[PDB]
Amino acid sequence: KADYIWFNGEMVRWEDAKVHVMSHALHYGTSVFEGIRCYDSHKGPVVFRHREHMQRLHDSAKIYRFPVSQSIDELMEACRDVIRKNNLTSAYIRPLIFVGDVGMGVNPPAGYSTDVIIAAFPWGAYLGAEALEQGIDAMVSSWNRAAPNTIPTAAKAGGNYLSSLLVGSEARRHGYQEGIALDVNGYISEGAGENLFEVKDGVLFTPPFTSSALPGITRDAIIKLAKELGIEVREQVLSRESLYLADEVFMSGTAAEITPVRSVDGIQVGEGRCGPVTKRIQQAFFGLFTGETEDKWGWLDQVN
């Protein structure tokens, strides 16, 4: 929780950010969202890969043809505003575009417009406080992720999350911290809400987008950092068994950051601790906020 929320152009007090119960998105999952993080750094509060997330918000809405009034720059300025306004140095930002109080027909009437919301608030490690250091225990779920030409997995839309709910809850019900989903073909897709990486003989592996895996921005950052460290990266389809044969395995995401996976299905991964390559990558990633890692791509956007 925080003080204000940007709602359609104006800062509104948290308690007043309400919407009608007949809002389209509540009944039909018609919304698109993003997960962005603001980190306190050596240059003060900074939003990580800000433009890239806002660009993806526009891309997700474009696929579903949701009209967006605000431009990427407007959304970026609004985001910074929310952080200053709430006096946050570090936080989790949540942009949400949704179809509001329009008719009850599945297809909204021509000429309608969407409601936009940007909320910021402090949020710790998604998979746990000690998760980044010690790693987590994952389980391969019995539920598969969406098939290729059904519900576009490249779009970060609300309705998609019924799948993540099923995958993740099943893992947690059995004592695990997160669940790993396979696609309809039986290959590794990704975790319930985070991308999956494997390390084998010093080489980094990740499933392509065609494995029903969302084009993670953290995923993209890791691939670029790895190339700077001189680590070979291979984007290819991975079998289920590969999880038991890999030297290391970890998950990535905005909320999950970079979490090591110490075991899968009760089978220990390597030494059962955070691996050496995962460590190098974590150090290089968090080094961006200390100044140890040079921001060569302009991933740090100053809030001021």
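We call the rigid core the largest set of C-alpha positions that still match within 1.5 Å between the two forms. Residue numbers here begin at 1 and follow the sequence given.
**Q** Between 204-212 and 115-123, which has its CA atoms farther from the current form in 4 other deposited structures of this protein, using a rigid core superposition?
**A** Comparing 115-123 with 204-212, the one that moves more in 4 other deposited structures of this protein is 115-123.
**Q** Of the other PDB entries for this protein whose models extend past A129 on both sides, does at least a third leave it without coordinates?
**A** Yes: coordinates for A129 absent from at least a third of the compared entries.
**Q** Out of 70-78 and 211-219, which stretch has the higher average CA B-factor listed in the record?
**A** Looking at the record's C-alpha B-factors, the answer is 70-78.
**Q** Per the record, averaged over C-alpha atoms, which has the higher B-factor: 114-122 or 135-143?
**A** Per the PDB record, 114-122.
**Q** In the PDB entry, which of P148, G191, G158, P109 has its C-alpha at the highest B-factor?
**A** Of the options given, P109 has the highest CA B-factor in the PDB entry.
**Q** Given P276, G29, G266, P260, identify the residue with the highest C-alpha B factor in the PDB entry.
**A** The C-alpha B-factor peaks, among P276, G29, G266, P260, at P276.
**Q** Can you work out whether the C-alpha temperature factor of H42 puts it in the lowest, middle or highest third of the chain?
**A** CA B-factor rank for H42: highest third.
**Q** Should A25 be placed in the lowest, middle or highest third of its chain by the C-alpha B factor in the entry?
**A** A25: CA B-factor falls in the lowest third of its chain.
**Q** Taking the values exactly as deposited, rank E248 by C-alpha B-factor within its chain and report the matching third: lowest, middle or highest.
**A** Its C-alpha B-factor belongs to the lowest third of this chain's values.
**Q** Give the position of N195 by CA B-factor within its chain, expressed as the lowest, middle or highest third.
**A** As the PDB entry reports it, the C-alpha B-factor of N195 lands in the lowest third of its chain.
**Q** Considering every modelled residue of the chain and its Cα B-factor in the PDB entry, is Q177 in the lowest, middle or highest third?
**A** Middle third.
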